[PDB]
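**Q** This is the structure I want to talk about, given as structure tokens.
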Amino acid sequence: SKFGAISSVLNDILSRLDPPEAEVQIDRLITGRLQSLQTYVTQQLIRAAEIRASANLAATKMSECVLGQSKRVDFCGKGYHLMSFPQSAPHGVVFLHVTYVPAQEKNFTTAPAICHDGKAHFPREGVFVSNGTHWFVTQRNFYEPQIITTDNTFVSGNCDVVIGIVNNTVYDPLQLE
Amino acid sequence: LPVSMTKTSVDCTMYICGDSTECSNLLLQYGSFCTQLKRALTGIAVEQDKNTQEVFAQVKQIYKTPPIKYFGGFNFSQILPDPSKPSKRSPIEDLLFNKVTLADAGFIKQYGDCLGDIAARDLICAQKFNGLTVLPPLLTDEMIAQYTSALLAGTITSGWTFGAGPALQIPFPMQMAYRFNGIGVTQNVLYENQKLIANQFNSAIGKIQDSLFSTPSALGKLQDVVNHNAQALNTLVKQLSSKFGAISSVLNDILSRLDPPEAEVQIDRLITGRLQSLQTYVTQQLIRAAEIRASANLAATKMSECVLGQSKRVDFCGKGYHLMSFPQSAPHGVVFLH
Amino acid sequence: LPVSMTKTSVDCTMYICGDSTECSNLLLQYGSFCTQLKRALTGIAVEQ
Amino acid sequence: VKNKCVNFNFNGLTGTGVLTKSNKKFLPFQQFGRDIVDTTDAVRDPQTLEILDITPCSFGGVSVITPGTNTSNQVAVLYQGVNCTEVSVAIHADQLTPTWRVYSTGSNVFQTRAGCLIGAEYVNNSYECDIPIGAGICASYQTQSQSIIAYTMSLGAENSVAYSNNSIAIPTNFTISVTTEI
Amino acid sequence: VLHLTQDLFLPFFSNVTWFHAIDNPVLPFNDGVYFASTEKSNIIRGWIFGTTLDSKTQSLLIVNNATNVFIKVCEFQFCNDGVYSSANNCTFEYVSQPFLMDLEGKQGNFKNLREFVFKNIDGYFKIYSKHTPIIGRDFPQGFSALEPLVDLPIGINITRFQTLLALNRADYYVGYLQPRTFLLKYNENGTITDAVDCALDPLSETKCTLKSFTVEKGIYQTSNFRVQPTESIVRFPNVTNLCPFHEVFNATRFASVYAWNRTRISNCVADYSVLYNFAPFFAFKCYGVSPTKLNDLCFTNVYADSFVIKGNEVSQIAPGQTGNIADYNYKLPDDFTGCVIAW
Ligand SMILES: *[C@@H]1O[C@H](CO)[C@@H](O[C@@H]2O[C@H](CO)[C@@H](O)[C@H](O)[C@@H]2O)[C@H](O)[C@H]1NC(C)=O
Ligand SMILES: *[C@@H]1O[C@H](CO)[C@@H](O[C@@H]2O[C@H](CO)[C@@H](O)[C@H](O)[C@@H]2O)[C@H](O)[C@H]1NC(C)=O
Ligand SMILES: *[C@@H]1O[C@H](CO)[C@@H](O[C@@H]2O[C@H](CO)[C@@H](O)[C@H](O)[C@@H]2O)[C@H](O)[C@H]1NC(C)=O
Ligand SMILES: *[C@@H]1O[C@H](CO)[C@@H](O[C@@H]2O[C@H](CO)[C@@H](O)[C@H](O)[C@@H]2O)[C@H](O)[C@H]1NC(C)=O
Ligand SMILES: *[C@@H]1O[C@H](CO)[C@@H](O[C@@H]2O[C@H](CO)[C@@H](O)[C@H](O)[C@@H]2O)[C@H](O)[C@H]1NC(C)=O
Ligand SMILES: *[C@@H]1O[C@H](CO)[C@@H](O)[C@H](O)[C@H]1NC(C)=O
Ligand SMILES: *[C@@H]1O[C@H](CO)[C@@H](O)[C@H](O)[C@H]1NC(C)=O
Ligand SMILES: *[C@@H]1O[C@H](CO)[C@@H](O)[C@H](O)[C@H]1NC(C)=O
Ligand SMILES: *[C@@H]1O[C@H](CO)[C@@H](O)[C@H](O)[C@H]1NC(C)=O
Ligand SMILES: *[C@@H]1O[C@H](CO)[C@@H](O)[C@H](O)[C@H]1NC(C)=O
Ligand SMILES: *[C@@H]1O[C@H](CO)[C@@H](O)[C@H](O)[C@H]1NC(C)=O
Ligand SMILES: *[C@@H]1O[C@H](CO)[C@@H](O)[C@H](O)[C@H]1NC(C)=O
Ligand SMILES: *[C@@H]1O[C@H](CO)[C@@H](O)[C@H](O)[C@H]1NC(C)=O
Ligand SMILES: *[C@@H]1O[C@H](CO)[C@@H](O)[C@H](O)[C@H]1NC(C)=O
Ligand SMILES: *[C@@H]1O[C@H](CO)[C@@H](O)[C@H](O)[C@H]1NC(C)=O
């Protein structure tokens with residue numbers, strides 16, 4: 001770019017004019033090139049800051065999902081995170097998030113608590129789930145129905161304040177033996 | 001947390017050389033010092049659109065709340081969309097939209113009334129005069145509220161299952177039981193004091209509306225973003241009033257008054273001043289864009305963690321032991337309800 | 001981990017025109033160019 | 001000649017724009033007009049003593065949306081932030097700076113909050129966004145026999161939950177998904 | 001390379017007038033004229049250019065013959081058909097290899113198509129040619145670059161165009177060049193395989209601003225659109241304030257030259273039509289200003305010195321002059337910025 005001077009080629013302009021009048025065009029070229037370089041370096045600094053933030057995020061994700069399992073949802077990929085395997089990329093990194101995702105689900109029933117005899121039973125872990133006829137217990141993320149025993153539940157209550165409580169019987173392995 | 005700001009598409013060509021052929025010819029001698037600015041501005045607009053898309057469009061399926069609203073005594077009318085309101089926004093969302101004033105809306109098509117301004121023309125007509133326009137955002141303030149509504153309906157009728165896989169309905173009582181279980185208290189206390197916790201939650205929801213109403217400026221972050229953008233725009237516009245060391249600040253006056261080969265120095269001085277001022281504006285806009293991008297990434301991860309499940313990191317989702325968060329759309333930003 | 005760095009309040013007039021009336025007058029011909037810098041440094045100090 | 005883009009040279013103040021009647025409150029000594037940003041807004045007629053406002057001429061920005069050239073040569077033109085009737089009359093009067101002329105069938109007209117779209121036709125259906133245009137409007141190349149269509153972006157599949165007082169769904173099965181992220 | 005340049009080119013899908021032969025209308029020449037003609041062996045000889053085509057302005061003559069050329073910057077008189085009748089003010093005789101070469105593979109079906117382009121930017125006449133037995137139907141579709149043959153600095157006035165024919169016992173394709181920006185695809189051997197306009201189609205403008213030949217799916221911001229104003233109004237104050245020029249021209253006792261009355265004129269709009277209509281002048285010589293350009297200049301003060309004088313004394317009164325009046329009655333300063341009026 002001539003930058004408002006006689007010519008854009010320095011070796012010619014010095015070879016086309018003598019110094020004491022060429023130095024004006026030399027100064028014009030100097031300022032044009034210097035401003036262009038300043039714009040370039042500022043843009044490079046912006047890009048470097050952005051890529052630094054991205055690399056810090058990548059390092060955190062690496063140390064989380066690869067060197068252990070992260071409970072942050074939608075962080076190590078969509079769904080329940082299991083692991084992640086890194087891959088090398090040109091000027092970058094590639095992750096392979098292995099995620100556990102549920103599948104076919106069915107309406108069964110629920111009850112916030114089960115009252116056997118004047119006392120409310122709550123699941124130690126999981127849902128009180130009813131087939132439709134018999135109450136059962138299982139996990140949250142998988143359907144593994146089990147017989148309601150005193151080991152799967154802990155009792156604390158009075159069977160009068162739990163809104164939506166349901167009636168059934170609970171089992172215990174100690175009375176039989 | 002602010003999410004984005006107004007998208008500008010400054011055109012250096014006639015921003016600097018208002019319909020002056022000779023000025024355009026002189027600018028042509030400065031190489032591709034304009035394509036850089038145009039590309040940078042369009043890139044900034046693209047990143048802002050991407051920011052709002054990341055921070056909001058997190059669920060592929062749009063959900064709606066069941067027609068009946070009785071979630072175990074809990075009250076959500078203050079955050080659910082209002083069918084009576086034609087915009088379908090939450091009452092809190094209305095307060096956020098009314099407590100923020102935008103100088104440049106963007107989606108105005110204001111050309112046609114600048115001649116009809118009667119009084120002195122405003123900031124937007126002034127910008128339109130000298131080669132500065134605002135590009136309206138892709139995601140209108142309308143359907144974004146639909147996104148927030150879908151997210152809110154997902155998190156109160158399905159817990160946090162819909163954020164990892166298929167949406168599995170869980171009634172709000174045992175959902176709260178599980179949120180209690182995830183912090184270290186058994187569900188029994190919730191099942192005893194359901195009425196008390198429902199009343200406390202309702203009271204807190206009611207009080208936060210008055211807190212936002214009576215505060216002088218609690219949305220000060222979004223207002224500061226808007227004010228900074230408007231101030232930068234105003235100073236950029238005002239910079240055309242500086243002679244920059246030439247005879248006059250009016251290029252057309254200089255052209256019509258002096259001969260070409262003598263007004264050449266003056267118009268070159270004007271170019272060197274105006275372009276450099278535009279450079280400062282562009283660089284400052286780049287810094288602000290980087291800052292808002294960092295803030296939007298923080299907002300996106302905060303929403304993904306707190307809103308779509310229970311977060312174990314302290315103070316991240318508000319002060320205290322976190323249970324859940326509710327998202328609300330804001331002008332160029334988001335508002336969280338930890 | 002760094003936290004903050006030294007807050008600065010550079011002054012246009014003193015820096016570029018040492019107590020020179022004509023220099024300040026010819027500076028004024030550049031418009032509100034450096035008021036942006038003063039605002040930026042103030043914002044930096046507040047941010048820190 | 002009011003209500004028209006006209007080059008004005010009022011008493012030595014030369015510029016371009018559209019002038020019309022105003023309801024200002026000019027004082028008798030007042031001659032010019034301005035705004036907060038010091039841009040000439042209103043001018044008093046020196047031979048009529050009336051007040052006229054100054055406006056930009058037709059400022060906007062042309063953006064072209066197109067599929068891959070290897071796919072098709074059809075293109076669509078966006079005029080950013082301008083009422084689509086104004087471009088229509090300007091085209092018919094042949095005073096637009098762009099010399100390239102995209103043919104107007106009346107069916108390819110679209111007043112959008114982002115401006116006026118020429119060369120694409122409205123389909124009231126809803127699809128996933130392909131080419132972002134703005135204001136919740138997205139275009140793609142779709143068969144009818146092929147053309148460029150404009151539509152409001154589909155936010156996603158419409159789904160409703162089955163929330164109840166005592167109804168829950170527990171996944172009886174599960175899948176393993178390996179995503180990727182860069 | 002994908003170099004972009006701006007110069008007078010023939011627009012793509014522009015309008016080209018096709019003529020026949022079996023009179024020779026003189027087409028205007030402005031910003032260059034494109035030419036093409038396909039022929040079996042020969043029916044065309046040369047071209048003549050210039051304004052009014054007579055022995056008063058320099059013109060051009062490009063007659064070609066069997067072996068060489070006869071380009072000459074001449075001021076020929078007339079032929080109306082031995083093609084010139086005057087060579088007085090004629091120079092720049094130039095002779096070289098003939099522009100047209102004909103190749104035939106033992107049959108005349110290979111109609112040699114010849115493409116010529118001329119322009120006169122800052123003089124420096126340029127001639128462009130690429131000759132090939134192309135398909136031969138007519139003005140074809142396939143791309144073809146143009147090879148320069150002669151760059152010659154004529155530097156004369158040029159306004160009209162005509163061409164010279166041959167004898168015997170489908171051509172004339174004429175196009176015009178406009179200032180446009182183009183893209184030119186350069187083959188790795190350097191040839192131009194394909195070129196694109198930037199002011200023809202929106203797609204072409206996209207390929208211009210994103211300089212390339214393949215555009216991916218997406219939106220691109222190319223340029224801006226502005227409605228050019230139709231009419232231009234000039235409005236100035238209702239002030240008339242006619243000067244006393246009437247009173248200094250309608251007087252009846254114009255003073256003698258020895259005692260020249262000097263009238264001071266201020267605070268008025270100096271319209272010169274009032275002096276134009278009042279006196280049938282005989283000497284309106286102006287020195288500091290142009291007599292045509294008096295109504296666009298603002299003067300701090302104007303003096304009107306009026307005195308009736310003899311005939312030769314009218315020529316006597318001038319800056320840097322002498323004489324019995326110019327030395328003893330009135331002497332005009334050498335740096336006289338003004339005009340005199342004699343009627
Ligand atoms: C309730 O859950 C029961 C699980 O024990 C299911 O009962 C089963 O019934 C079969 C006979 O049909 C028995 O052989 C089996 O041992 C088991 O008891 C029952 O289907 C289920 N009811 C509903 C409505 O889902
Ligand atoms: C579960 O079964 C209980 C008896 O084992 C029921 O308690 C009874 O409640 C009735 C009134 O409903 C009393 O009259 C009676 O004395 C006894 O307390 C209980 O109601 C029942 N609840 C449900 C939800 O089935
Ligand atoms: C849920 O909370 C709403 C608060 O907006 C309650 O609405 C109230 O309605 C009364 C009159 O019905 C108004 O006076 C009051 O200002 C408020 O709008 C709503 O009743 C409440 N519903 C339940 C079931 O708690
Ligand atoms: C859970 O879903 C799996 C697929 O995601 C099922 O595995 C399938 O098993 C069938 C044969 O039964 C194969 O043909 C198929 O390729 C796949 O391996 C699995 O059966 C299913 N289990 C339950 C209990 O639903
Ligand atoms: C550039 O010019 C080269 C020299 O003539 C070409 O190479 C030749 O290609 C021919 C086949 O077309 C060979 O037979 C010959 O031996 C030589 O390699 C080359 O093709 C050409 N490139 C172009 C036109 O793109
Ligand atoms: C649960 O029942 C509702 C009632 O309509 C139904 O829409 C939903 O699909 C059911 N969910 C199942 C069967 O998983
Ligand atoms: C302007 O001058 C003309 C000519 O005398 C007159 O008719 C007209 O009324 C004047 N208008 C004004 C506003 O002075
Ligand atoms: C712009 O929109 C339409 C179409 O031109 C019309 O009402 C009028 O021209 C403008 N209206 C407003 C409100 O700007
Ligand atoms: C179909 O499109 C037209 C406009 O193109 C619109 O008026 C109409 O409401 C649409 N129909 C439906 C069912 O959306
Ligand atoms: C749930 O129970 C409440 C009160 O018992 C009732 O108002 C509501 O209609 C019930 N809803 C469903 C889906 O059973
Ligand atoms: C060329 O001119 C003819 C007749 O004047 C007209 O029919 C045709 O449309 C023109 N072509 C172009 C490209 O303007
Ligand atoms: C053709 O023109 C050249 C031009 O110099 C001339 O020398 C020659 O005599 C002419 N005639 C033939 C047959 O070449
Ligand atoms: C050639 O120019 C001279 C003046 O230099 C002129 O007298 C003569 O008439 C011209 N020849 C013409 C017009 O044929
Ligand atoms: C003097 O004025 C009269 C009246 O306007 C006019 O008819 C006449 O031509 C004028 N004569 C001169 C010499 O100006
Ligand atoms: C100038 O003075 C002479 C003196 O004889 C007089 O005749 C003439 O009218 C005067 N011109 C004016 C006053 O314009």
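In the structure tokens, each chain is lettered A, B, ... as it comes, each chain's residues begin at 1, and ligands are numbered from 1 in order of appearance.
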Can I get the residues of chain E within 9 Å of ligand 12, each with the closest pair of atoms and their distance in Å to one decimal, using only C-alpha atoms and all ligand atoms, sorted chain first then ascending number, as CSV?
**A**
```
residue,atom,partner,partner_atom_place_in_ligand_line,distance
E:63,CA,ligand 12,2 (O),8.7
E:64,CA,ligand 12,2 (O),7.1
E:65,CA,ligand 12,1 (C),5.0
E:66,CA,ligand 12,14 (O),5.5
E:67,CA,ligand 12,14 (O),4.3
E:68,CA,ligand 12,2 (O),4.4
E:69,CA,ligand 12,4 (C),5.2
E:70,CA,ligand 12,4 (C),5.4
E:71,CA,ligand 12,4 (C),8.8
E:94,CA,ligand 12,5 (O),8.0
E:95,CA,ligand 12,5 (O),5.2
E:96,CA,ligand 12,5 (O),7.3
E:97,CA,ligand 12,4 (C),8.9
E:98,CA,ligand 12,2 (O),8.8
```
**Q** Write a file of the just-selected residues containing N, CA and C atoms, as a PDB file, in the first residue's frame.
**A**
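Result saved to again-v5.pdb:
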```pdb
ATOM      1  N   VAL E  63      -5.209   0.754 -41.585  1.00  0.00           N
ATOM      2  CA  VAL E  63      -5.454  -0.194 -42.666  1.00  0.00           C
ATOM      3  C   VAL E  63      -4.395  -1.291 -42.652  1.00  0.00           C
ATOM      4  N   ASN E  64      -4.850  -2.534 -42.763  1.00  0.00           N
ATOM      5  CA  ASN E  64      -3.985  -3.700 -42.835  1.00  0.00           C
ATOM      6  C   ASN E  64      -3.945  -4.220 -44.270  1.00  0.00           C
ATOM      7  N   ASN E  65      -2.816  -4.821 -44.638  1.00  0.00           N
ATOM      8  CA  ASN E  65      -2.645  -5.354 -45.983  1.00  0.00           C
ATOM      9  C   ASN E  65      -2.035  -6.751 -45.883  1.00  0.00           C
ATOM     10  N   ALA E  66      -1.635  -7.296 -47.033  1.00  0.00           N
ATOM     11  CA  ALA E  66      -1.288  -8.711 -47.110  1.00  0.00           C
ATOM     12  C   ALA E  66      -0.053  -9.062 -46.288  1.00  0.00           C
ATOM     13  N   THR E  67       0.838  -8.102 -46.045  1.00  0.00           N
ATOM     14  CA  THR E  67       2.104  -8.407 -45.388  1.00  0.00           C
ATOM     15  C   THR E  67       2.374  -7.605 -44.125  1.00  0.00           C
ATOM     16  N   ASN E  68       1.933  -6.353 -44.045  1.00  0.00           N
ATOM     17  CA  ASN E  68       2.284  -5.494 -42.921  1.00  0.00           C
ATOM     18  C   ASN E  68       1.067  -4.664 -42.531  1.00  0.00           C
ATOM     19  N   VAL E  69       1.310  -3.619 -41.746  1.00  0.00           N
ATOM     20  CA  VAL E  69       0.267  -2.722 -41.276  1.00  0.00           C
ATOM     21  C   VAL E  69       0.624  -1.305 -41.716  1.00  0.00           C
ATOM     22  N   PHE E  70      -0.336  -0.397 -41.567  1.00  0.00           N
ATOM     23  CA  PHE E  70      -0.166   0.985 -42.004  1.00  0.00           C
ATOM     24  C   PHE E  70      -0.715   1.953 -40.967  1.00  0.00           C
ATOM     25  N   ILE E  71      -0.466   1.683 -39.685  1.00  0.00           N
ATOM     26  CA  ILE E  71      -0.934   2.585 -38.639  1.00  0.00           C
ATOM     27  C   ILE E  71      -0.211   3.918 -38.759  1.00  0.00           C
ATOM     28  N   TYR E  94       3.883   3.873 -38.430  1.00  0.00           N
ATOM     29  CA  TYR E  94       4.257   2.656 -37.725  1.00  0.00           C
ATOM     30  C   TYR E  94       3.866   1.469 -38.591  1.00  0.00           C
ATOM     31  N   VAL E  95       4.821   0.569 -38.810  1.00  0.00           N
ATOM     32  CA  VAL E  95       4.619  -0.616 -39.636  1.00  0.00           C
ATOM     33  C   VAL E  95       5.212  -1.810 -38.902  1.00  0.00           C
ATOM     34  N   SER E  96       4.489  -2.927 -38.894  1.00  0.00           N
ATOM     35  CA  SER E  96       4.961  -4.136 -38.235  1.00  0.00           C
ATOM     36  C   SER E  96       4.240  -5.339 -38.834  1.00  0.00           C
ATOM     37  N   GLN E  97       4.342  -6.473 -38.145  1.00  0.00           N
ATOM     38  CA  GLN E  97       3.678  -7.691 -38.574  1.00  0.00           C
ATOM     39  C   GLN E  97       2.166  -7.485 -38.606  1.00  0.00           C
ATOM     40  N   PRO E  98       1.466  -8.127 -39.539  1.00  0.00           N
ATOM     41  CA  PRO E  98       0.016  -7.943 -39.616  1.00  0.00           C
ATOM     42  C   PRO E  98      -0.678  -8.507 -38.389  1.00  0.00           C
TER      43      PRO E  98
END
```
**Q** Could you write out, as a PyMOL selection string, all the residues of range 38-174 of chain A that DSSP marks as strand (DSSP E)?
**A** chain A and resi 80-89+92-102+105-107+114-115+120-123+127-130+135-138+153-155+166-167
**Q** Could those residues be written to a file, using N, CA and C atoms, as a short mmCIF file (atom, residue, chain, number, x, y, z; two decimals), in the first residue's frame?
**A**
```cif
data_model
loop_
_atom_site.label_atom_id
_atom_site.label_comp_id
_atom_site.auth_asym_id
_atom_site.auth_seq_id
_atom_site.Cartn_x
_atom_site.Cartn_y
_atom_site.Cartn_z
N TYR A 80 -24.37 -38.86 31.73
CA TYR A 80 -23.59 -39.20 32.92
C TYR A 80 -22.19 -39.63 32.53
N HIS A 81 -21.21 -38.83 32.93
CA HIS A 81 -19.83 -39.03 32.52
C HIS A 81 -19.24 -40.30 33.13
N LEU A 82 -18.48 -41.03 32.33
CA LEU A 82 -17.75 -42.20 32.82
C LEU A 82 -16.24 -41.99 32.74
N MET A 83 -15.70 -41.71 31.55
CA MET A 83 -14.28 -41.42 31.41
C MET A 83 -14.12 -40.42 30.27
N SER A 84 -12.88 -40.27 29.81
CA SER A 84 -12.59 -39.53 28.60
C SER A 84 -11.19 -39.89 28.11
N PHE A 85 -11.06 -40.15 26.83
CA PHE A 85 -9.74 -40.48 26.32
C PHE A 85 -9.23 -39.37 25.43
N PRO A 86 -8.08 -38.79 25.74
CA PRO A 86 -7.54 -37.69 24.93
C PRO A 86 -6.94 -38.18 23.63
N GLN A 87 -6.95 -37.29 22.64
CA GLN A 87 -6.31 -37.54 21.36
C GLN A 87 -5.56 -36.29 20.92
N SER A 88 -4.42 -36.49 20.28
CA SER A 88 -3.61 -35.38 19.81
C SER A 88 -4.16 -34.85 18.50
N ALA A 89 -4.18 -33.53 18.38
CA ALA A 89 -4.68 -32.84 17.20
C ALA A 89 -3.71 -31.72 16.85
N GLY A 92 -4.08 -28.52 18.92
CA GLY A 92 -5.30 -28.72 19.68
C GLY A 92 -5.35 -30.10 20.28
N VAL A 93 -6.44 -30.35 21.00
CA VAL A 93 -6.66 -31.62 21.69
C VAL A 93 -8.05 -32.13 21.34
N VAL A 94 -8.22 -33.44 21.44
CA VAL A 94 -9.48 -34.10 21.12
C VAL A 94 -9.83 -35.04 22.27
N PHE A 95 -11.04 -34.90 22.80
CA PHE A 95 -11.51 -35.76 23.88
C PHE A 95 -12.58 -36.71 23.37
N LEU A 96 -12.65 -37.88 24.00
CA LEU A 96 -13.66 -38.88 23.70
C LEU A 96 -14.42 -39.14 24.99
N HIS A 97 -15.43 -38.32 25.25
CA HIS A 97 -16.25 -38.50 26.44
C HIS A 97 -17.08 -39.77 26.30
N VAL A 98 -16.90 -40.70 27.24
CA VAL A 98 -17.73 -41.89 27.32
C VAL A 98 -18.79 -41.62 28.38
N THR A 99 -20.05 -41.58 27.97
CA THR A 99 -21.13 -41.18 28.85
C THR A 99 -22.18 -42.27 28.94
N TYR A 100 -22.67 -42.48 30.16
CA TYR A 100 -23.79 -43.38 30.43
C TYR A 100 -25.07 -42.59 30.24
N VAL A 101 -25.97 -43.09 29.40
CA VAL A 101 -27.24 -42.45 29.12
C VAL A 101 -28.34 -43.49 29.28
N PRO A 102 -29.42 -43.19 29.98
CA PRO A 102 -30.49 -44.18 30.17
C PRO A 102 -31.22 -44.52 28.88
N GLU A 105 -38.05 -46.24 29.31
CA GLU A 105 -38.59 -46.00 30.63
C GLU A 105 -40.09 -46.29 30.62
N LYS A 106 -40.62 -46.63 31.79
CA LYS A 106 -42.02 -46.97 31.93
C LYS A 106 -42.61 -46.31 33.17
N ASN A 107 -43.85 -45.84 33.04
CA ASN A 107 -44.59 -45.38 34.21
C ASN A 107 -44.89 -46.58 35.10
N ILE A 114 -43.54 -45.15 52.81
CA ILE A 114 -44.42 -46.29 53.04
C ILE A 114 -44.59 -46.46 54.54
N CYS A 115 -45.83 -46.61 54.98
CA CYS A 115 -46.17 -46.74 56.39
C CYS A 115 -46.60 -48.18 56.65
N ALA A 120 -43.30 -44.23 59.34
CA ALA A 120 -43.00 -44.03 57.93
C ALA A 120 -41.64 -44.61 57.59
N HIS A 121 -41.59 -45.37 56.50
CA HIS A 121 -40.36 -45.97 56.01
C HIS A 121 -39.91 -45.23 54.76
N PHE A 122 -38.64 -44.84 54.73
CA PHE A 122 -38.10 -44.16 53.57
C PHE A 122 -37.00 -45.01 52.96
N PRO A 123 -36.84 -44.97 51.64
CA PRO A 123 -35.79 -45.78 51.02
C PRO A 123 -34.42 -45.25 51.41
N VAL A 127 -36.26 -45.27 44.83
CA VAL A 127 -37.67 -44.93 44.77
C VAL A 127 -38.47 -46.09 45.35
N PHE A 128 -39.53 -45.75 46.10
CA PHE A 128 -40.57 -46.73 46.36
C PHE A 128 -41.46 -46.81 45.13
N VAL A 129 -41.32 -47.88 44.37
CA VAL A 129 -41.94 -48.03 43.06
C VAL A 129 -42.92 -49.18 43.11
N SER A 130 -44.11 -48.96 42.57
CA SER A 130 -45.15 -49.99 42.55
C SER A 130 -45.36 -50.47 41.13
N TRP A 135 -45.77 -53.06 45.98
CA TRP A 135 -44.76 -52.03 46.13
C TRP A 135 -43.36 -52.64 46.19
N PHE A 136 -42.39 -51.92 45.63
CA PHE A 136 -41.02 -52.39 45.53
C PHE A 136 -40.08 -51.21 45.71
N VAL A 137 -38.78 -51.50 45.73
CA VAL A 137 -37.74 -50.49 45.78
C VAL A 137 -36.71 -50.80 44.71
N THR A 138 -36.05 -49.76 44.21
CA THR A 138 -35.02 -49.91 43.19
C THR A 138 -34.13 -48.68 43.24
N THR A 153 -34.64 -49.86 53.96
CA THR A 153 -35.34 -48.69 54.46
C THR A 153 -34.91 -48.37 55.88
N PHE A 154 -35.02 -47.10 56.24
CA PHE A 154 -34.82 -46.62 57.59
C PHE A 154 -36.10 -45.93 58.05
N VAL A 155 -36.52 -46.21 59.28
CA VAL A 155 -37.82 -45.77 59.77
C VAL A 155 -37.61 -44.59 60.71
N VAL A 166 -48.56 -43.85 51.55
CA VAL A 166 -49.22 -45.01 50.96
C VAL A 166 -49.14 -46.16 51.95
N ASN A 167 -50.11 -47.07 51.85
CA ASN A 167 -50.24 -48.20 52.76
C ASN A 167 -49.66 -49.46 52.13
#
```
**Q** So which residues of chain C fall under helix (DSSP H, G or I) by DSSP, listed as a PyMOL selection string?
**A** chain C and resi 12-16+21-28+35-47
**Q** Could you list, as a PyMOL selection string, all protein and nucleic acid residues with an atom at most 7 Å from ligand 7, counting only C-alpha atoms and all ligand atoms?
**A** (chain D and resi 46-49) or (chain E and resi 238)
**Q** Could you give me, as a tab-separated table, a per-residue list for chain C showing, wherever an atom lies at most 9 Å from an atom of chain B, the closest pair of atoms and their distance in Å to one decimal, using only C-alpha atoms and sorting by chain then residue number from low to high?
**A**
```
residue	atom	partner	partner_atom	distance
C:26	CA	B:245	CA	7.4
C:27	CA	B:244	CA	8.8
C:28	CA	B:242	CA	8.5
C:29	CA	B:244	CA	5.5
C:30	CA	B:244	CA	4.7
C:31	CA	B:242	CA	5.0
C:32	CA	B:239	CA	7.1
C:33	CA	B:277	CA	7.6
C:36	CA	B:235	CA	8.4
```
**Q** Given the selection you just returned, output its residues as a file containing N, CA, C and O atoms, formatted as a tab-separated table (two decimals), in the first residue's frame.
**A**
```tsv
chain	number	residue	atom	x	y	z
C	26	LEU	N	-3.57	22.82	20.72
C	26	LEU	CA	-3.51	21.97	19.55
C	26	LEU	C	-3.87	20.52	19.86
C	26	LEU	O	-4.30	19.80	18.96
C	27	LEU	N	-3.69	20.10	21.11
C	27	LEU	CA	-4.24	18.82	21.55
C	27	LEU	C	-5.75	18.82	21.47
C	27	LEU	O	-6.36	17.83	21.03
C	28	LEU	N	-6.38	19.92	21.88
C	28	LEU	CA	-7.84	20.01	21.88
C	28	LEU	C	-8.42	19.83	20.48
C	28	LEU	O	-9.59	19.46	20.36
C	29	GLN	N	-7.64	20.09	19.44
C	29	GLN	CA	-8.10	19.89	18.07
C	29	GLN	C	-8.31	18.42	17.72
C	29	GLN	O	-8.92	18.13	16.69
C	30	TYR	N	-7.82	17.50	18.55
C	30	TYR	CA	-7.96	16.07	18.31
C	30	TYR	C	-9.24	15.51	18.90
C	30	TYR	O	-9.44	14.29	18.87
C	31	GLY	N	-10.10	16.36	19.45
C	31	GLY	CA	-11.33	15.89	20.03
C	31	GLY	C	-11.08	15.17	21.35
C	31	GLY	O	-9.98	15.19	21.91
C	32	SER	N	-12.13	14.51	21.84
C	32	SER	CA	-12.05	13.81	23.11
C	32	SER	C	-11.32	12.49	22.93
C	32	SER	O	-11.85	11.43	23.27
C	33	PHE	N	-10.09	12.54	22.40
C	33	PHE	CA	-9.39	11.30	22.10
C	33	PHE	C	-8.91	10.61	23.36
C	33	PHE	O	-9.12	9.40	23.52
C	36	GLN	N	-11.06	8.87	26.55
C	36	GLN	CA	-11.24	7.43	26.53
C	36	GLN	C	-10.16	6.74	27.36
C	36	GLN	O	-10.45	5.81	28.11
```
